[PDB]
Amino acid sequence: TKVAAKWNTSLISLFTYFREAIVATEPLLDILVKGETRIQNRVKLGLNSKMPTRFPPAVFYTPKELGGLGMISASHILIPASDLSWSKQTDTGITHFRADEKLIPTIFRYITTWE
RNA sequence: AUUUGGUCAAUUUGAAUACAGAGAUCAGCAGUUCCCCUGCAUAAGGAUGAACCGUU
């Protein structure tokens, strides 16, 4: 959680400051991509010695308060349709839901350009 | 393109039993040190009071 928070701080610091300029500088973008991945992998490593095929993004990007890590993504992350299903136990029965495409929203859209 | 990072311990053994592993929480009081006040003692050191004359 702490690590995630730190990452968020770093990312926010980068963006809130260089707002408009990050979109141009490709190297920085690449680093961000990779950095995020690295961060994710640390957590993965902690969880298990074997690295997973794929975690759900849920565990990372879901907020601190819901019980996630609350990473603030800087990448084209793909929330797989499989990882959006859910169920509900009721008196009537067990109503389900399953699943365009869903993408973890990136910090980019949410900081207003300096101009 | 495959794979290692994945062994419960403990006990009974000459695999079975176990099955994660064995005081908590709330509250007093005293002591320790330093400080302040208070009463007493001990030394020291003052300050002062009390009629009226004394002793070979």
# chains A, B, ... in the order shown; residues from 1 in each chain; ligands from 1
$ select_by_dssp --residues "stretch 1-113 of chain A" --states "strand (DSSP E or B)" --output "ChimeraX atom specification"
/A:78,86-89,94-97,103
$ write_last_selection --atoms "C-alpha atoms" --output "mmCIF file, in the first residue's frame"
data_model
loop_
_atom_site.group_PDB
_atom_site.id
_atom_site.type_symbol
_atom_site.label_atom_id
_atom_site.label_comp_id
_atom_site.auth_asym_id
_atom_site.auth_seq_id
_atom_site.Cartn_x
_atom_site.Cartn_y
_atom_site.Cartn_z
ATOM 1 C CA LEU A 78 -7.016 -3.201 -20.364
ATOM 2 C CA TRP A 86 -20.305 -10.404 -10.797
ATOM 3 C CA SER A 87 -23.069 -12.061 -8.820
ATOM 4 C CA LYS A 88 -25.610 -11.274 -6.117
ATOM 5 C CA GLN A 89 -27.313 -13.713 -3.728
ATOM 6 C CA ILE A 94 -28.494 -15.612 -8.043
ATOM 7 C CA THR A 95 -28.651 -12.787 -10.587
ATOM 8 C CA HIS A 96 -25.444 -12.490 -12.630
ATOM 9 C CA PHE A 97 -23.775 -9.844 -14.763
ATOM 10 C CA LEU A 103 -9.800 0.809 -19.866
#
$ closest_atom_pairs --of "chain A" --to "chain B" --cutoff "12 Å" --atoms "only C-alpha atoms (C1' of nucleotides)" --output "Markdown table"
| residue | atom | partner | partner_atom | distance |
| --- | --- | --- | --- | --- |
| A:45 | CA | B:5 | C1' | 11.2 |
| A:48 | CA | B:6 | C1' | 9.4 |
| A:49 | CA | B:5 | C1' | 6.2 |
| A:50 | CA | B:5 | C1' | 7.1 |
| A:51 | CA | B:5 | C1' | 10.3 |
$ write_last_selection --atoms "N, CA and C atoms" --output "JSON list (two decimals), in the first residue's frame"
[["chain", "number", "residue", "atom", "x", "y", "z"],
["A", 45, "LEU", "N", 5.39, -9.98, -7.04],
["A", 45, "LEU", "CA", 6.51, -10.74, -6.46],
["A", 45, "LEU", "C", 6.24, -11.03, -4.99],
["A", 48, "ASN", "N", 3.62, -13.68, -4.52],
["A", 48, "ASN", "CA", 4.02, -15.05, -4.87],
["A", 48, "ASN", "C", 5.37, -15.08, -5.58],
["A", 49, "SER", "N", 6.15, -16.12, -5.31],
["A", 49, "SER", "CA", 7.46, -16.31, -5.94],
["A", 49, "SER", "C", 7.36, -16.47, -7.46],
["A", 50, "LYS", "N", 6.39, -17.27, -7.90],
["A", 50, "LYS", "CA", 6.02, -17.35, -9.32],
["A", 50, "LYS", "C", 5.29, -16.07, -9.70],
["A", 51, "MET", "N", 5.55, -15.57, -10.90],
["A", 51, "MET", "CA", 4.89, -14.38, -11.41],
["A", 51, "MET", "C", 3.63, -14.84, -12.13]]
$ select_by_dssp --residues "stretch 20-84 of chain A" --states "helix (DSSP H, G or I)" --output "ChimeraX atom specification"
/A:20-22,26-47,58-61,81-84
$ residues_around --residues "residue A:18" --least-positions-apart "6" --cutoff "12 Å" --atoms "only C-alpha atoms (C1' of nucleotides)" --output "ChimeraX atom specification"
/A:11-12,24-25,28,108,111-115
$ residues_around --residues "stretch 41-43 of chain A" --least-positions-apart "3" --cutoff "12 Å" --atoms "only C-alpha atoms (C1' of nucleotides)" --output "list in words"
residues 1, 2, 3, 4, 7, 34, 35, 36, 37, 38, 46, 47, 48, 49, 50, 51, 52, 53, 54, 55, 57, 59, 60, 68, 69 and 71 of chain A
$ closest_residue --among "A:27, A:56, A:63, A:70" --to "residue A:6" --atoms "only C-alpha atoms"
A:70
